[PDB]
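Only the coordinates and a few stated rules stand behind these numbers; no lab work does. Every residue, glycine as well, gets a Cβ built from its backbone with ideal geometry; the counts of neighbours run over all protein chains shown.
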Amino acid sequence: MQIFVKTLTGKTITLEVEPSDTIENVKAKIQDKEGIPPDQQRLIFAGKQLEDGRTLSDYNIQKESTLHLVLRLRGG
Amino acid sequence: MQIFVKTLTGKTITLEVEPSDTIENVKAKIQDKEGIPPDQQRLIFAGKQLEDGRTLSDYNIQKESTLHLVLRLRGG
Amino acid sequence: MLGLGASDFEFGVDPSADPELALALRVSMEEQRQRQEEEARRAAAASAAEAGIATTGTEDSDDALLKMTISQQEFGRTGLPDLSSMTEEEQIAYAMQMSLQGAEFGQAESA
């Protein structure tokens, strides 16, 4: 199933995944397409941040599901 | 933006650079001023070794930013 | 394998294996102390002279120009959806607002 991931710049990405894929695996897919590190990515859906150990089914996600990816930074 | 680079002898150097300059490029600049090889130069910002592939912006380095420079050795 | 040797790693592991890396991290800790002390002391002096429990008079002219001038400039110009101003929760407030408060279906959409 291809899911859509929208960022904070009016941009959306489609990734062919499955309901048994881990969030860390999804962040890695976006890292290969956009070229951004997974550690600097935050997947949020239905007003809930997804864990890297949990999968897409743990948060009730289906095909063509939209997600909110964010970019985290550091200071020190 | 001219940045300042201190050493292990109370010596600071000012080099006109930019936030998109690579760390390897900065090491080459100090190599032309102090006359020291870049392979023997370690850039550390507030206790953070910079990567030769990364730039100064990757470490939030702004103008007049101080950088702790160190001297590396070849085995020992 | 893991490679249990000595030359395989003796510089990019810990500062204890190099007096230049051990002193480099010690010089950085000292600088952070000046910022954590000069800044922690500035707040300790403003609180001691807020109720009157020390030997002070009126020290709020040089910093007042630094705070009043930056308080209106840093927190005054804001007429655009700047993303850098939104933190991880502020940016999340926008992504969660459309995910939780972003849906037009109602009980009249049979398609």
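Candidates are the residues of the range B:42-63 that are within 11 Å of chain C (Cβ to nearest Cβ) and in contact (Cβ under 8 Å) with a residue 24 or more places away in the chain; the one that is nearest to the chain's Cα centre (by Cα) is B:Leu43. Remark: pairs (first residue in the range C:25-38, within 14 Å of B:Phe45 (Cβ to Cβ); second residue surrounded by 10 or more Cβ atoms within 10 Å (Cβ to Cβ) and not charged (D, E, K, R); Cβ separation under 6 Å; 6+ apart in sequence or on different chains) = C:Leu25/B:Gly47; C:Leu25/C:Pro15; C:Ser28/B:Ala46; C:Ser28/B:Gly47. Of the residues making up the range A:12-42, those that are among the charged types (D, E, K, R), farther than 22 Å from A:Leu73 by Cα and surrounded by fewer than 16 Cβ atoms within 10 Å (Cβ to Cβ) are A:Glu16, A:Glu18. Only residues that are more than 7 Å from chain B (Cβ to nearest Cβ) and among the hydroxyl-bearing types (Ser, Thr, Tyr) were counted in the range C:8-46, giving 1.
Looking only at residues of the range B:12-33 that are in contact (Cβ under 8 Å) with a residue 24 or more places away in the chain and of a type in the set (D, E, K, R), we find that the one that is nearest to C:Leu23 (Cα to Cα) is B:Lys27. A count restricted to the range A:64-76 and to residues that are within 14 Å of another protein chain (Cβ to nearest Cβ) and either in a loop (DSSP other than H, G, I, E, B) or at positive phi (or both) stands at 6.
Exactly one residue among A:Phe4, A:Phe45 is aromatic (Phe, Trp, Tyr) and surrounded by 17 or more Cβ atoms within 10 Å (Cβ to Cβ), and that residue is A:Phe45.
For B:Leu15, the test of being within 14 Å of another protein chain (Cβ to nearest Cβ) and outside any loop (DSSP other than H, G, I, E, B) is failed.
Just one of the listed residues (A:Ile23, A:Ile13, A:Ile61) is of a type in the set (A, V, I, L, M), at negative phi and in contact with a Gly (Cβ under 8 Å, 6 or more places away or on another chain), namely A:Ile23. Looking across the range A:19-59, the residues that are among the acidic types (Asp, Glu) and part of a loop (DSSP other than H, G, I, E, B) come down to A:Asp21, A:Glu34, A:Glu51, A:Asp52.
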